[PDB]
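1. below is the structure, and that's it, no one-letter string:
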């Protein structure tokens, strides 16, 4: 699960950690086994014009369930109508830009993050990696292990 | 009746740099203040009140400062949408009461 | 953006008074459950007070009878009047908009210290 977040919010990706990005945007379970990795992409995703193509989530109706994709285009509001018929009050929009540009300090440099989640229920496991190809000794009494 | 005077009236600074805006009072306003940014088209928006506390969520790029009779708001790195008008509202006598400024127009290029 | 920002922090001699105020933006307060929490430096947190959307407020026991919450709904802001700050009340106070079962407390403030001379 790859994504882009603001540098100062990487500390919120943790088991049961509480905040904004981990409560309304993307929430990992409390007993989540697997690992996350994060790179300071202070070059990969930035433009002097503002690499804010991405809009993180700043308005949510209810806390997140673990791994709950919540892509939405709505208007968070307070009273009856949204801003289509109202103005000023109750015209809020959850998609806020990032504004990634190079002048930003480290704490605000777009970190690219990648999280691996290994599921182990009913596992006819098809992905390992122990192929040890040792150099076959010859002409000596040797213990061998040929395909088992 | 404390009269506040903002400065400058207008300001045009190249993109990517810092911006410093001063609003000047005539008596002791200690650390009782606020700053509103009324982007053209909707209600104003408060950025930083009192002496220097950075509003929640609000990117650290903004900075408020000053105390006594003189205060200043400062922005680290202006983005394209930061162009708006700003007003400093003081309330050292709150029980309904507030007093606004003449406003300042901040732009880009 | 939706936020809770605080003011009033400073220094006052014991037994003196102070008033903390909380202003909001992009979110309403009049129709929102408001709740003031505090933290002593280095210690945990404790629910201090709450004001509803109809006005019926509540306060923690340590500060019951001494603090009074109010809010200028007309301009979307919160207030908390305090008096008789004693040796306990030295803490950092946070403003929060709590929903409860439908989304727990989320937007918090950087905080503001309120200590006494000694």
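-> Happy to help now that I have it. Numbering: from 1, shown residues only, chains lettered A, B, ... in the order given.
2. list the contacts for residue C:86?
-> With contact taken as Cβ atoms under 8 Å, 6 or more residues apart in numbering or on different chains, residue C:86 is in contact with C:14, C:15. Any C-beta I mention is one placed from the backbone N, CA and C, and that applies to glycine too.
3. oh sorry, the question was meant for residue B:20
-> Residue B:20 neighbours (Cβ under 8 Å, 6+ apart): B:72, B:73, B:74.
4. now with 10 Å?
-> Applying Cβ atoms under 10 Å, 6 or more residues apart in numbering or on different chains, we find residue B:20 in contact with B:11, B:13, B:63, B:65, B:72, B:73, B:74, B:75.
5. which residues does the closest residue to the third one other than its chain neighbours bridge with?
-> Spatial nearest neighbour of residue B:63, excluding adjacent residues (Cβ to Cβ, 6 or more residues apart in numbering or on different chains): residue B:74 at 4.3 Å. Using DSSP bridges, the bridge partners assigned to residue B:74 are residue B:20, residue B:63.
6. up against chain C, what does chain A have?
-> When proximity is defined as Cβ under 10 Å from any Cβ of the partner chain, chain A approaches chain C at A:18-20, A:23-24, A:58-64, A:76-79, A:89-94, A:96.
7. filter those down to just the buried residues.
-> Buried members of the residues of chain A next to chain C, scored by 16 or more other Cβ atoms under 10 Å in any protein chain shown, are A:19-20, A:23-24, A:58-60, A:63-64, A:76-78, A:90-94, A:96.
8. related to what we said a few turns ago, considering only the residues of chain A next to chain C, which also neighbour chain B?
-> A:20, A:58, A:89, A:91, A:96.
9. could you work out the most separated pair of those residues?
-> Distance extremes for these: the farthest pair is A:20 and A:89 at 22.8 Å, using Cβ to Cβ.
10. tell me who's in contact with the residue nearest to residue B:63.
-> B:18-22, B:48, B:52, B:61-66.
11. among these, the buried ones, what's the ChimeraX command?
-> In ChimeraX, a selection of the buried entries from the contacts of residue B:74 looks like this (16+ other Cβ under 10 Å):
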select /B:19,21,22,48,52,61,62,63,64,66
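12. which one of the contacts of residue B:74 is nearest to residue C:22?
-> residue B:48 (14.3 Å).
13. tell me which residue of chain B is furthest from the middle?
-> Note on chain B: the largest C-alpha distance from the chain mean falls to residue B:95, namely 22.2 Å (Cα atoms, centre = their mean).
14. what about the residue nearest the centre of chain C, is that helix, strand or coil?
-> What sits nearest the mean C-alpha location of chain C, by Cα atoms, centre = their mean, is residue C:36, with 3.2 Å. What DSSP: H, G, I helix; E, B strand; the rest coil gives for residue C:36 is strand.
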